[PDB]
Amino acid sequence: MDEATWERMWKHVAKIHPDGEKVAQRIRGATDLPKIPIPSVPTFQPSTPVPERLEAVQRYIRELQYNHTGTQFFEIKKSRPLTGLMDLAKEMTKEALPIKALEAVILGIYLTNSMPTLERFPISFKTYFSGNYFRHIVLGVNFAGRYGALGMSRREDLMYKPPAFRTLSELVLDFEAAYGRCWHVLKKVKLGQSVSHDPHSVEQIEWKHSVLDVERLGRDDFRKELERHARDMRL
């Protein structure tokens, strides 16, 4: 990154960290800092079952670390054609910097395009906690009729899910329960369509094909609308 963005990051650090400038004083120019290995982009034998591949993909995502610096290192324009987002995903693997939820979704797509028997679709959440709204996103996946997820979160139970849920409803209800355990109220769920496995596709990701108002729908219509989206995807 350029001089200007670099100084912007450290200026931001000074305002949000309590010790402020002393963090920058310790780190900037320090000579014996840990060398961070560049995480190895996972590659897969054809004998390896898809669920085991998903474990390796998620391990790679986790190795990059959640970005707590306050500065996003990759700009993600969500309307960009898939081929452009996949160029960005490659750049993410080469620069190997910390990431947040949306970056992990793009990486998850990039690293599973080699899995045509796996369907991938974004799942975004809108939640409410302590008078404020929060947004989060994961990459929902479907293998052999079971649902799981890839992603990046501050919390362990708001990202990776092995593909073992029998319905999309059960997957989303598991996220809702995890949010409840962190005292968030789940307000909306936005579900995208399946993403092409062609990394040179020029079509856009459809992020918000279904928008579910959890509170207005109620338990049974919530599940029914989730079942409808799953049907929409099997086309």
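Start at 1 and count along the sequence shown; that's the residue number.
Looking at mean Cα B-factors across 217-225 and 13-21, the upper value is held by 13-21. Note on 193-201 vs 25-33: mean CA B-factor is higher in 25-33. Residue-level inspection of the entry shows that, of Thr83, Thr93, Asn113, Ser130, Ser130 has the top Cα B-factor. Ranked by C-alpha B-factor against the other modelled residues of its chain, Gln72 falls in the highest third. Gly151: CA B factor in the lowest third of modelled residues in this chain (values from the PDB entry). Annotation for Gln45: C-alpha temperature factor in the middle third relative to the rest of the modelled chain, per the entry. The PDB entry assigns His184 a C-alpha temperature factor belonging to the middle third of its chain's modelled residues. Split the chain's modelled residues into thirds by C-alpha temperature factor. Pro163 is in the middle one.
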